[PDB]
Every structure is written in C-alpha cells, then in structure tokens.
Amino acid sequence: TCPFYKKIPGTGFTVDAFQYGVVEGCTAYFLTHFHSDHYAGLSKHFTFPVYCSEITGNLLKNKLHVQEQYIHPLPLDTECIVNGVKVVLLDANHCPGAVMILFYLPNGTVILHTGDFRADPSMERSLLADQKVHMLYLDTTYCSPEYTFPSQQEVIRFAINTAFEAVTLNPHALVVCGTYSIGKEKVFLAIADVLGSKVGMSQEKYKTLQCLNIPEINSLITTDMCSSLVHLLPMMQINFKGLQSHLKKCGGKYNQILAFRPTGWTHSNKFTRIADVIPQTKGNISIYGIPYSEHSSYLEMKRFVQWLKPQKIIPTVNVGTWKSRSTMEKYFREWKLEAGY
Ligand code: NI
C-alpha cells in the first residue's frame with residue numbers, strides 16, 4: 001500500500017504514487033518529473049487525473065502514450081486551484097520539467113514537496129519566501145557530510161576545454177557522451193556548441209529531446225550520426241569494448257574517441273578537485289568520469305533547510321531501513337539546534 005510519505009494530509013492528493021494500483025481516496029495524482037522510479041506503474045492504461053508541468057505532460061503523451069484526457073499540465077510560478085485547493089509548481093533545478101509543489105491546505109497549513117531537487121540560493125527569493133512552511137517532504141538522496149561535488153558550471157567548463165583541446169589536436173576524433181534518462185543535457189549541448197556541431201543520437205533519444213521545450217532545438221540535434229562530431233550512446237556502452245565497437249560502425253570517419261560518463265557521486269570526490277581529473281585510457285580511446293550532479297550536495301541541502309525552517313521534515317529518499325532514517329533524523333536535529341528553530 002501507498003506509503004504515508006506520498007500522501008498530502010487533508011486532501012485526496014498523492015505524489016509520485018503510481019505503482020500501487022488505485023489509491024483509496026485519491027482524486028488527483030501529481031507527478032514531479034519524468035524519471036522511471038517516480039512514474040513507475042503509469043502507462044496508456046491509466047484512467048485517473050495526473051497533474052504535472054507542461055514538459056512532463058509532453059513526455060507522458062508521447063513516450064508513455066498516456067491518453068490526453070487524463071493529462072492536466074500546469075504553468076510554473078502561478079497560483080492555481082486543483083480540486084478546491086491552492087497549489088504552486090516551482091522549478092526543482094533537477095532534470096527538464098522537474099517541479100517542487102507548494103500546497104496551501106484549507107486549515108492554513110503550508111506544505112512543500114521538493115520532488116527530486118538540487119537546492120540553490122535562487123530558491124530563497126521565490127514564492128517560498130512569502131510565507132511560513134510548516135512541513136517539508138525532502139529529497140534526502142545525499143544527506144550525509146561526505147557528499148560534496150563541484151558546481152554544474154565548474155564541471156561544464158572542464159568538459160568544454162577538454163573537448164576543444166582534443167578535437168583541435170586531432171580533427172578526426174569523435175566525442176561521445178553517455179546518457180540513461182532525461183537530465184544532464186547541458187553536458188552534450190555545451191560540448192557540441194564549442195565544436196560547432198549538432199549532437200547525433202538514436203531515433204528514441206531524439207524523440208525524447210523533442211519534447212523538452214529547449215529553444216532552437218532543431219538547430220542543435222540530429223538523427224544523422226554521419227554529419228555530427230558529438231554522439232550520444234546509452235551509459236552501458238561507455239567502456240573500451242563498446243566504444244571500439246561503435247568506432248568500427250562509423251565507417252572510418254573517426255580514428256579516436258573521447259568519452260564522458262556523467263555520474264553522480266563516486267568515492268573519489270573526497271580528495272580530487274575537478275582540475276585534477278585525468279581519464280582512463282586504452283589505445284585510441286579515453287574515458288573521463290565527471291561528477292555532474294542534479295541532486296543537492298549535503299551543504300546545499302543543509303543551507304536550504306536552515307533558511308526554510310520547517311516545523312517537520314518528511315524524508316522521501318533512503319527511507320526503506322531504520323538505520324538510514326535514524327541517521328537522517330540526527331542531522332535534522334543538528335541543523336535545528338544550530339539555527340534556532
Ligand atoms: Ni530524479
């Protein structure tokens with residue numbers, strides 16, 4: 001059954017709760033973003049109302065084939081009424097179309113559900129600042145002090161300079177970027193822009209990108225692999241074997257590959273800075289691991305929560321074991337004692 005952390009008290013709303021069949025009492029199902037864990041169970045067979053961003057609605061329509069009658073897209077930064085209750089969608093700074101939702105309950109309680117998010121100080125000057133938030137449903141993916149990472153902009157700058165140097169040294173080099181869902185598009189778009197190229201990709205991936213309301217998208221991406229010097233492949237192919245195999249397929253138009261694996265955190269965040277990063281190499285193929293995160297670091301999460309000063313926190317990630325919940329509660333109490341709420 002639907003866990004209490006996916007239910008919004010004193011409404012019949014749920015959030016990211018599609019895998020439990022019909023939820024008893026639920027009149028509106030909210031979807032924060034188009035990642036498979038959150039949408040799990042949604043398909044062309046679903047027949048209840050789904051509320052979401054415009055981008056998330058495009059994806060539901062075109063990729064999952066959910067029938068149009070059941071998709072209720074809402075604009076961002078706008079007070080809207082859903083089944084008699086005031087809501088606002090805010091940018092989550094996660095992947096394209098990802099939202100946080102602000103729910104103003106009839107009794108006067110105010111609840112923020114973050115979805116998946118990367119906390120940022122620009123969120124301190126949104127509609128959130130206008131009133132007290134009593135309850136916070138929090139993306140606790142990286143809720144432990146070891147999880148540090150560079151800014152998105154540091155990582156992109158590194159990627160740009162690396163790619164530009166390699167292709168100026170060898171104009172027959174191909175650049176490959178690995179991918180497994182939506183998110184982290186700035187990695188491949190920024191590399192292509194410094195090389196004066198479009199991004200080449202499969203038909204399924206191109207169809208996904210065509211849903212995302214990216215300005216001038218038709219000038220940036222193509223299904224013609226031949227004509228482009230940046231290619232997208234599934235993350236699972238970003239290894240020496242898969243990359244030599246792809247190089248054989250391109251018809252001797254390239255004689256070297258430079259590949260990037262955008263990952264979350266991995267243990268080598270604890271010593272290395274982005275400027276010290278060096279690739280793994282075997283012959284004419286080099287693979288760079290780059291920690292481009294679309295989740296809050298510990299410090300970013302702590303700052304946001306200390307600013308917001310919620311009366312209660314409801315974790316939404318790593319809640320499956322008592323050890324994790326206990327550890328998280330410890331950090332929430334420290335933050336509260338330091339900040340005086
Ligand atoms: Ni996500």
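FYI, the numbering just counts along the sequence from 1.
Taking 4.5 Å as the limit, some side-chain heavy atom of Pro291 sits within range of a side-chain heavy atom of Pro150. When side chains are defined from C-beta on, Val85 does not count as touching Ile8, because their heavy atoms never get closer than 4.5 Å. Side-chain atoms of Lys207 and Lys63, non-hydrogen and from C-beta on, do get closer than 4.5 Å to each other. Side-chain contact between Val88 and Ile101 is absent, with no heavy atoms from C-beta onward closer than 4.5 Å. Contact annotation: the side chain of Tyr254 approaches that of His231 to within less than 4.5 Å [non-hydrogen atoms, C-beta and beyond]. For the pair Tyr180/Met236, no side-chain contact is recorded, criterion being any heavy-atom separation below 4.5 Å from C-beta on. No side-chain heavy atom of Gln311 sits under 4.5 Å from any side-chain heavy atom of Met135. Annotation: side chain of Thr32 is not in contact with side chain of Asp116 (no heavy-atom distance under 4.5 Å).
Between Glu294 and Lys186 no salt bridge is recorded (no basic side-chain N to carboxylate O distance below 4.0 Å). Salt bridge annotation for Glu300-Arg118: present, with a cationic side-chain nitrogen under 4.0 angstrom from a carboxylate oxygen. Looking at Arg303 and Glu124, a side-chain N of the basic residue comes within less than 4.0 Å of a carboxylate O on the acidic one, giving a salt bridge.
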Verdict with supporting geometry, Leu138 and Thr316, side-chain contact (heavy atoms from CB on, under 4.5 Å) | CA-CA 6 Å; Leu138 191 53; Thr316 70; 5.9 Å; no

side-chain contact (heavy atoms from CB on, under 4.5 Å) between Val66 and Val50: does it pass, once the steps are laid out?
-> CA-CA 10 Å; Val66 171; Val50 179; 5.5 Å; no

Residues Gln210, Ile217; criterion side-chain contact (heavy atoms from CB on, under 4.5 Å); working and verdict = CA-CA 7 Å; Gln210 285 291 165; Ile217 189 51; 3.7 Å; yes

Could you give me the CA-CA distance, side-chain angles and deciding distance for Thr222 and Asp224, then say whether side-chain hydrogen bond (donor to acceptor under 3.5 Å, both in side chains) is met?
-> CA-CA 5 Å; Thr222 177; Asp224 195 357; 5.3 Å; no

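In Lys330, the NZ atom is crowded: over 12 heavy atoms of neighbouring residues, nucleotides or ligands sit closer than 6.0 Å. Annotation for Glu68: atom CD does not count as buried by contact number, only 12 or fewer foreign heavy atoms lying within 6.0 Å.
Using the six-membered ring where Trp is involved, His72 and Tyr51 have ring planes that are parallel, under 30° apart on the 30 and 60° scheme. Between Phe103 and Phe13, the ring planes are tilted. Angles from 30° to 60° get that label. Note: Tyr142 and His295 have perpendicular aromatic rings, judged against thresholds of 30 and 60 degrees for the angle between ring planes. Using the six-membered ring where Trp is involved, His94 and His35 have ring planes that are perpendicular, over 60° apart on the 30 and 60° scheme. Between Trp307 and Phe304, the angle of the ring planes lies from 30° to 60°, which puts this pair in the tilted group.
Annotation for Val23 and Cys2: closest pair CG1-CB, 3.9 Å, computed over non-hydrogen atoms.
Cluster annotation: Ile278 and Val155 are assigned to distinct hydrophobic clusters (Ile/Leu/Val/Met/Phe/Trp/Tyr, side-chain heavy-atom contacts under 4.5 Å, transitive).
A cation-pi arrangement is absent between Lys184 and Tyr292, since the terminal nitrogen or guanidinium carbon is not both under 6.0 Å from the aromatic centre and inside a 45° cone about the axis.
The CD1 atom of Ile257 sits 5.5 Å away from atom NE2 of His246, with the distance rounded to the nearest 0.5 Å. The distance from atom CG of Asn218 to atom CG of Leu220, rounded to the nearest 0.5 Å, is 8.5 Å.
Side chain of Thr140 to main chain of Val317: a donor-acceptor pair is present (N/O by atom type, distance under 3.5 Å, no hydrogens or angles).
For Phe260 and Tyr288, the distance between ring centers is under 6.0 angstrom. Ring-centre distance between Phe46 and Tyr70: not below the 6.0 Å cut-off. Residues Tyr39 and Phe34 place their aromatic rings such that the two centres sit under 6.0 Å apart.
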